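Structure record follows, encoded as C-alpha coordinates.
The basis for the numbers below is simple: all heavy atoms, side chains too, and nothing from hydrogens, waters or symmetry mates. Note on naming: letters A, B, ... go to the chains in the order of the sequence lines (proteins, then strands), and numbering restarts at 1 for each one.
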Amino acid sequence: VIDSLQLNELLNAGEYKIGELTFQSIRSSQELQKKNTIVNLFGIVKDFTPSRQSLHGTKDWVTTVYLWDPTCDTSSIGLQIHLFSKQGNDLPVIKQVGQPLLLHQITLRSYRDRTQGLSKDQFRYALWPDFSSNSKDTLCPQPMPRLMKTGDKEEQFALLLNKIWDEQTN
DNA sequence: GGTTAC
(Lines give C-alpha, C1' and ligand atoms only; values in the text may rest on other atoms or scores of the structure.)
Protein backbone atom coordinates (compact mmCIF):
# COMPACT_ATOMS: atom_id res chain seq x y z
CA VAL A 1 0.00 0.00 0.00
CA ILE A 2 2.71 2.47 -1.03
CA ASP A 3 2.19 5.51 -3.29
CA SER A 4 4.29 7.43 -5.83
CA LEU A 5 6.26 9.31 -3.16
CA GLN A 6 7.38 6.23 -1.22
CA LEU A 7 8.64 4.66 -4.43
CA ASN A 8 11.07 7.51 -5.01
CA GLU A 9 12.18 7.40 -1.37
CA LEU A 10 13.18 3.72 -1.56
CA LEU A 11 14.87 3.77 -4.98
CA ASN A 12 16.89 6.91 -4.23
CA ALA A 13 18.59 4.84 -1.52
CA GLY A 14 20.26 2.29 -3.79
CA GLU A 15 19.06 -0.84 -2.01
CA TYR A 16 15.48 -1.44 -0.97
CA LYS A 17 13.21 -4.30 0.12
CA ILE A 18 9.91 -5.53 -1.17
CA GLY A 19 8.46 -8.72 0.23
CA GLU A 20 11.30 -10.96 1.30
CA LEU A 21 13.82 -9.76 -1.31
CA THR A 22 16.33 -6.93 -1.40
CA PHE A 23 16.43 -5.08 -4.74
CA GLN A 24 19.00 -2.88 -6.44
CA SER A 25 17.69 0.21 -8.27
CA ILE A 26 18.56 0.33 -11.96
CA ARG A 27 20.68 3.44 -11.32
CA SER A 28 22.91 2.02 -8.59
CA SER A 29 23.28 -1.17 -10.62
CA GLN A 30 24.99 0.64 -13.48
CA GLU A 31 27.51 1.96 -10.95
CA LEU A 32 30.12 0.12 -13.05
CA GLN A 33 31.57 -2.33 -10.49
CA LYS A 34 34.46 -4.62 -11.46
CA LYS A 35 33.50 -7.23 -8.86
CA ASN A 36 30.61 -9.38 -10.09
CA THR A 37 27.81 -9.15 -7.55
CA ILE A 38 24.48 -10.93 -7.76
CA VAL A 39 21.35 -8.83 -7.36
CA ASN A 40 17.58 -8.83 -7.80
CA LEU A 41 15.93 -6.29 -10.08
CA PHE A 42 12.45 -4.91 -10.46
CA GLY A 43 11.51 -2.66 -13.36
CA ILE A 44 9.74 -1.84 -16.61
CA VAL A 45 10.77 -3.58 -19.85
CA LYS A 46 11.92 -0.60 -21.88
CA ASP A 47 12.82 -2.77 -24.86
CA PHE A 48 13.49 -6.45 -25.56
CA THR A 49 14.66 -9.00 -28.12
CA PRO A 50 12.70 -12.29 -28.53
CA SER A 51 14.07 -15.64 -27.39
CA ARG A 52 16.66 -16.97 -29.85
CA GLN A 53 19.15 -19.82 -29.46
CA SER A 54 22.78 -18.73 -29.49
CA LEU A 55 24.79 -19.80 -32.52
CA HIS A 56 28.07 -20.04 -30.62
CA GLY A 57 29.53 -21.00 -27.27
CA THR A 58 27.37 -23.40 -25.29
CA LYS A 59 24.55 -22.31 -27.61
CA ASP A 60 22.04 -21.56 -24.85
CA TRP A 61 18.69 -19.90 -25.49
CA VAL A 62 18.77 -16.18 -24.84
CA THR A 63 16.24 -13.39 -24.54
CA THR A 64 17.37 -9.79 -23.97
CA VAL A 65 15.66 -7.03 -22.08
CA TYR A 66 16.54 -3.45 -21.18
CA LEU A 67 15.26 -2.48 -17.74
CA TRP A 68 13.96 0.90 -16.68
CA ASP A 69 12.90 2.43 -13.36
CA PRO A 70 12.36 5.99 -11.96
CA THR A 71 16.05 6.44 -11.11
CA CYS A 72 16.64 6.60 -14.89
CA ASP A 73 15.97 9.28 -17.50
CA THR A 74 12.78 8.54 -19.48
CA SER A 75 15.27 8.94 -22.34
CA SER A 76 17.98 6.42 -21.28
CA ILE A 77 17.52 2.88 -22.67
CA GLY A 78 18.01 1.21 -19.31
CA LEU A 79 20.14 -1.65 -18.03
CA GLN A 80 20.92 -4.37 -20.57
CA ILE A 81 20.26 -7.91 -19.36
CA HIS A 82 20.82 -11.16 -21.17
CA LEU A 83 18.70 -14.02 -19.78
CA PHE A 84 20.10 -17.44 -20.64
CA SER A 85 18.53 -20.85 -20.36
CA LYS A 86 20.50 -24.10 -20.57
CA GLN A 87 17.36 -26.08 -19.70
CA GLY A 88 15.34 -25.21 -22.82
CA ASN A 89 13.10 -22.18 -23.39
CA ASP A 90 11.43 -21.49 -20.05
CA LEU A 91 12.37 -17.82 -20.36
CA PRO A 92 10.07 -14.80 -19.91
CA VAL A 93 7.54 -14.52 -22.74
CA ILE A 94 7.30 -10.72 -23.16
CA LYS A 95 4.50 -9.31 -25.37
CA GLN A 96 5.14 -5.56 -25.37
CA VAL A 97 7.25 -2.77 -23.93
CA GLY A 98 5.85 -1.37 -20.68
CA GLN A 99 5.43 -4.66 -18.81
CA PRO A 100 6.83 -4.78 -15.21
CA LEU A 101 9.43 -7.47 -14.64
CA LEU A 102 10.98 -8.79 -11.44
CA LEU A 103 14.24 -10.70 -11.81
CA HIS A 104 15.80 -12.94 -9.24
CA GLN A 105 19.54 -13.70 -9.38
CA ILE A 106 21.32 -11.48 -11.92
CA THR A 107 25.08 -11.09 -12.23
CA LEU A 108 26.14 -7.47 -12.74
CA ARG A 109 29.24 -7.01 -14.91
CA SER A 110 31.18 -4.84 -17.39
CA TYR A 111 31.08 -5.00 -21.20
CA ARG A 112 32.73 -2.16 -23.26
CA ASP A 113 32.80 0.43 -20.44
CA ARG A 114 29.22 -0.05 -19.37
CA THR A 115 27.31 -2.24 -16.86
CA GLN A 116 25.57 -5.38 -18.06
CA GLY A 117 23.40 -8.04 -16.46
CA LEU A 118 23.89 -11.77 -17.00
CA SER A 119 21.34 -14.27 -15.63
CA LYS A 120 22.48 -16.96 -13.16
CA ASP A 121 21.60 -20.52 -14.23
CA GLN A 122 18.83 -20.80 -11.60
CA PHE A 123 17.37 -17.30 -12.09
CA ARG A 124 13.65 -16.88 -11.44
CA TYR A 125 11.28 -14.07 -12.47
CA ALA A 126 7.77 -12.60 -12.39
CA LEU A 127 6.12 -10.67 -15.25
CA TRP A 128 3.05 -8.41 -15.09
CA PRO A 129 0.63 -7.05 -17.72
CA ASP A 130 1.12 -3.60 -19.19
CA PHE A 131 -1.57 -2.06 -16.98
CA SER A 132 -1.65 1.23 -18.95
CA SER A 133 -2.86 -0.52 -22.11
CA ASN A 134 -6.27 -0.63 -23.80
CA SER A 135 -5.60 -4.36 -23.93
CA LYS A 136 -6.31 -6.63 -20.97
CA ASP A 137 -4.54 -9.75 -22.25
CA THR A 138 -1.11 -8.09 -22.58
CA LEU A 139 0.22 -10.87 -20.35
CA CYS A 140 0.25 -14.31 -21.89
CA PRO A 141 0.72 -17.56 -19.98
CA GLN A 142 4.27 -18.01 -18.74
CA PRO A 143 6.47 -21.13 -18.60
CA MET A 144 6.33 -22.52 -14.98
CA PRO A 145 9.94 -23.66 -14.20
CA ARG A 146 11.31 -20.19 -13.27
CA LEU A 147 7.96 -18.54 -12.36
CA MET A 148 7.72 -16.90 -8.92
CA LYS A 149 4.53 -16.67 -6.94
CA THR A 150 4.05 -13.03 -5.98
CA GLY A 151 1.90 -11.18 -3.44
CA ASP A 152 0.18 -7.82 -3.10
CA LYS A 153 3.34 -6.08 -1.98
CA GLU A 154 5.08 -6.60 -5.35
CA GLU A 155 1.74 -6.24 -7.21
CA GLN A 156 1.53 -2.72 -5.79
CA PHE A 157 5.10 -1.92 -6.77
CA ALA A 158 4.35 -3.20 -10.26
CA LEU A 159 1.33 -0.91 -10.57
CA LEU A 160 3.35 2.04 -9.33
CA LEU A 161 6.23 1.38 -11.75
CA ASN A 162 3.97 0.95 -14.77
CA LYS A 163 2.01 4.04 -13.74
CA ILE A 164 5.09 6.26 -13.38
CA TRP A 165 6.45 4.89 -16.63
CA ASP A 166 3.20 5.63 -18.46
CA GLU A 167 3.14 9.25 -17.32
CA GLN A 168 6.75 9.93 -18.32
CA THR A 169 6.01 8.72 -21.88
CA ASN A 170 2.43 9.82 -22.58
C1' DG B 1 30.79 -18.21 -14.35
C1' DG B 2 30.07 -14.82 -17.77
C1' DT B 3 31.48 -18.31 -23.68
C1' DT B 4 26.70 -17.63 -26.17
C1' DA B 5 24.72 -11.77 -26.68
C1' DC B 6 26.81 -7.40 -28.56
Applying a 4.0 Å non-hydrogen cut-off, can you work out what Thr64(A) is touching in the nucleic acid: base, sugar-phosphate, or nothing?
nothing
Separation of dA5(B) atom P from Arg114(A) atom CZ, nearest Å, is 15 Å
Rounded to whole Å, the CD-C1' distance (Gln105(A) to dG1(B)) equals 13 Å
Quiz item: Within a strict 4.5 Å, meaning less than it, do heavy atoms of the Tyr16(A) and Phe157(A) side chains meet?
Solution: yes
Scanning both residues in full, the closest heavy-atom pair of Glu154(A) with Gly19(A) reads OE1-CA, 4.3 Å
### Query
Which part of the nucleic acid, if any, lies within reach of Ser119(A) when heavy atoms closer than 4.0 Å are counted: base, sugar-phosphate only, or nothing?
base
note: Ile81(A), atom CD1; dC6(B), atom P; distance rounded to Å ~ 15 Å
Whole-Å distance, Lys86(A) NZ to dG2(B) P, equals 12 Å
Looking only at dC6(B), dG2(B), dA5(B), the nucleotide nearest the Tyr111(A) side chain is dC6(B)
Whole-Å distance, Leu83(A) CG to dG1(B) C1', equals 16 Å
From NZ of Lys59(A) across to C1' of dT3(B) the rounded distance in Å is 13 Å
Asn89(A) atom CG is separated from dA5(B) atom P, nearest whole Å, by 15 Å
Taking any heavy-atom pair under 4.0 Å as a contact, classify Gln53(A): base, sugar-phosphate, or nothing.
nothing
Side chains of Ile94(A) and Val65(A): closer than 4.5 Å at any heavy-atom pair? yes
The nucleotide from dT3(B), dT4(B), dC6(B) with an atom nearest the side chain of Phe84(A) is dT4(B)
Does the base of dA5(B) carry an N or O that pairs as donor and acceptor with the side chain of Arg109(A) under 3.5 Å? yes
| query | Is the phosphate of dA5(B), meaning OP1 or OP2, less than 4.0 Å from a side-chain N or O of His56(A)? | reply | yes
Looking only at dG1(B), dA5(B), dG2(B), the nucleotide nearest the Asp121(A) side chain is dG1(B)
Heavy-atom nearest pair, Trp68(A) first then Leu161(A), reads CZ3-O, 4.3 Å
From CD of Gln87(A) across to P of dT4(B) the rounded distance in Å is 21 Å
Heavy-atom nearest pair, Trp165(A) first then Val97(A), reads CZ2-CG1, 3.6 Å
For this session: Indicate the ring-plane relationship of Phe42(A) and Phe23(A), choosing parallel, tilted or perpendicular according to the 30° and 60° boundaries.
Result: tilted
5'-most contact on DNA chain B (nearest-nucleotide basis), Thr58(A) vs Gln80(A), goes to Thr58(A)
With the side chain defined as heavy atoms from C-beta on, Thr107(A) is closest, among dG2(B), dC6(B), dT4(B), to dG2(B)
Closest to the side chain of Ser54(A), out of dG1(B), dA5(B), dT3(B), is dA5(B)
Open item on the list: Does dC6(B) have OP1 or OP2 under 4.0 Å away from a side-chain N or O of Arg52(A)?
Closed with: yes
Closest to the side chain of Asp60(A), out of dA5(B), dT3(B), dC6(B), is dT3(B)
By nearest-heavy-atom nucleotide on DNA chain B, the more 5' of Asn36(A) and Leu55(A) is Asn36(A)
